[PDB]
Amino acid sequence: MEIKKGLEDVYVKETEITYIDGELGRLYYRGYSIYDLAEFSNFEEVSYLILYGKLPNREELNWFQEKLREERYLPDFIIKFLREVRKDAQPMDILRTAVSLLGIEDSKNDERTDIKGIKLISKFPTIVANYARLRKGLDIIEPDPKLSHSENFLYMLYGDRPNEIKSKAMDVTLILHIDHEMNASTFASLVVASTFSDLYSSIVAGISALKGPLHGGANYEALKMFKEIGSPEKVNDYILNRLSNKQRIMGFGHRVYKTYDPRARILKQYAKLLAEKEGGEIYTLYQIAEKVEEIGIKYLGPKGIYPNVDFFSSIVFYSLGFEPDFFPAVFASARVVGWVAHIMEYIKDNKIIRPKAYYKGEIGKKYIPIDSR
């Protein structure tokens, strides 16, 4: 008799994958600290950790990143799709459709869902980079099997190998987005998966939810804010003006964290490094951002709202050569690893997710003929 609309404060699964202490500002993947993973690991190793629940030994990881380079190539049909398609399409809708097409082109039904997962995960960056070039009137530049995941992403975007700070930054950035708290998109995945529909279907649902505007994170309005604050001399009137007629500060606040976002803390170092190595309009943006961070923490911090990952992730994505409407799709590249993991975890004891609805209408109405209406 109590309608739990929103499912806020209902538990839909147990999990071993990701733990967040929003009180202490702590984040663990399989019980490993995101700080340590950011510092000592990489995308490939962290993905294995998260899919399989433990750090790989040298042979396991070697097998794992072998599958990951092996299947980066898109089939011709979907590549045909990419260059033939409307070029003012939303990159998310491109990603959604391409994954859907990938499902059609896949005919191996004997395949373990994790193997199917690897290959999907490995193609996201190829879809994303390929569309970005095509959109800019350049040409598909193919994945280089020799390269590691994050380097190859930037490779297929630039056409040339990225310098090592850029690919580090890319790698840590993707690591920071692989998984987080149960949400609409991870859950949309699980709903589809719990009917044992195919992996591609589930991931299409994940993307379909993630691109929703109401979805937490994937905001990137923060870059826009830094932009319209012109100088960093201008920042305090801007922000104080915003607060006085209570308007949000982009890249601040969080549904779970009541402290500085550990992902933001980690990502800040790369935002700063990239910016100061670029030196341009983009270094001045970073200067804006510190000024905003400073006064933002001052006024908002005592209410337990601080900068979050989006606050720096949008400077970084920018420095790394992506255009703002690709940001969510690069997010998706990371998060799809999380989606696959949860699906794997959820379907060991599958339960099809079918909630109830409470009918509060009338019944037994007489069917009235249309002229009498």
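Residue indices: 1-based, along the sequence shown.
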* Structure fact -> Ranked by mean Cα B-factor in the entry, 57-65 and 318-326, top stretch is 57-65
* Asked: Between 308-316 and 66-74, which has the larger average Cα B-factor in the PDB entry?
  -> 66-74
* **147, 271, 170, 192, ranked by C-alpha B-factor: the highest one** => 147
* Of 296, 117, 125, 216, which one's C-alpha B factor is largest in the deposited record? -> 216
* Modelled-residue ranking by C-alpha temperature factor, third containing residue 235 -> highest
* Place residue 153 in the lowest, middle or highest third of its chain's C-alpha B-factors, as listed in the PDB entry. => middle
* Structure fact -> The third of the chain into which the C-alpha temperature factor of residue 361 falls is the highest
* Asked: Split the chain's modelled residues into thirds by Cα B-factor; is residue 160 in the lowest, middle or highest one?
  -> highest
* CA B-factor ranking of residue 141, expressed as a third of its chain -> highest
